[PDB]
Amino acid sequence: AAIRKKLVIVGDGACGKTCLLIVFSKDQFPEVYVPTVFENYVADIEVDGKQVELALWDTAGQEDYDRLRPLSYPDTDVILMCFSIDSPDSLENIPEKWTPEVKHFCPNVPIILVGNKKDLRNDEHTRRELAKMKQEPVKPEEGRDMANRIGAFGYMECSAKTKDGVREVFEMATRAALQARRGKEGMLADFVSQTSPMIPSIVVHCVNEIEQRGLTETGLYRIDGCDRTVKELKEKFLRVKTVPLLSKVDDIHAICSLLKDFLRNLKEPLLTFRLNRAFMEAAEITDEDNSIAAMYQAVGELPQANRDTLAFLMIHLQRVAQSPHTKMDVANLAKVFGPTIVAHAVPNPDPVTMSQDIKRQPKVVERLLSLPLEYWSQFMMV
């Protein structure tokens, strides 16, 4: 019988985690632009005379899944912690976000630091784009240095697109696994404007900034900004009370992350605890006409502040989906916003409940985003 090992992959959204797992397990490079929520794969590998069956646990890199991701950590044998060579920001998040999370939930589990998209290091288009932000591709020595800094078992670079170095990543992860076991915010109402349309200033400002500087950017809302930058912006907002000067933030993705963070951390979700189940049930109705009618009914039950803020957000997200540059259609946006605006029916649900809710959240957002622009616009009085 083969030796079984559990491998969990983590890292910033869109840094290449799924493509790496699929190229290795299926020998085929996925061409679609779709964010992962949670998926499981199986791959075989022969290492040091042993046949090993690797269970590959794919996860979402978005901050929106910070509360749900830990459900994947129990019994992990090795972690693949990734960043992309064409994204210095994704490397910055390795010691700032990923290492603290993994060491908390997976103490003593070996970590392989992986630099993805190696094929882009000398890509001129990539270099020109990074230069606009005064950046450049990550250098090999930087990856190795970071690996030593975080106590990783090793560092490996690869390109799922060219297949270069892919098996080596899993060979090292498998050896690490074998060696390690050898011999062993208040309520929304407190932030909104005085009357209809009742929306928080931070939401209006973020949306306006994003529509001004982000509709031509690939992966809006899928790509998170530097964890530190978002934390600083959030800290200032809640302390100074006024919205920070967003025009001074060079990375528009950080503004997207700020908006999602604000919404996700409200005392209760945008759709409220009281209607959480009603929304999920309405979206789960098989018959489209009946589902749509049930969703209109649920929206009509929301408090004014929640309805107006939701309407403003839906109009904005429809524009994001309609842009030919973002590659973020309704289905993609629903996957990212599910935990952020739907969330759960209680403050601290148990793991069983958290898991049960996962599949139900995106459906709610997809249904809401599919409601007519004319419908949402009435609440904006335009």
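In case it trips you up, residue 1 is the first one in the sequence shown, and so on.
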| query | In this entry, is the chain continuous from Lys248 to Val249, or are deposited residues missing in between (none, 1 to 3, 4 to 9, 10 or more)? | reply | none
| Average Cα temperature factor in the PDB entry - higher stretch of 189-197, 256-264 | 189-197
| task | Can you let me know which of the two, 283-291 or 204-212, has the higher average C-alpha B-factor in the entry? | result | 283-291
| field | Deposited CA B-factor, highest of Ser355, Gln28, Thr340, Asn332 | value | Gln28
| remark: The largest CA temperature factor among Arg222, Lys117, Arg228, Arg307 is found at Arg228
| field | Record-listed C-alpha B factor of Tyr155: chain third | value | middle
| task | Within this chain's modelled residues, let me know which third the CA B factor of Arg367 belongs to: lowest, middle or highest. | result | middle
| field | Ranked C-alpha temperature factor of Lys6 among modelled chain residues, by third | value | lowest
| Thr36 - which third its CA temperature factor falls in, relative to the rest of the chain | lowest
| Compared with the other modelled residues in the chain, in which third is the CA B-factor of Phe273? | middle
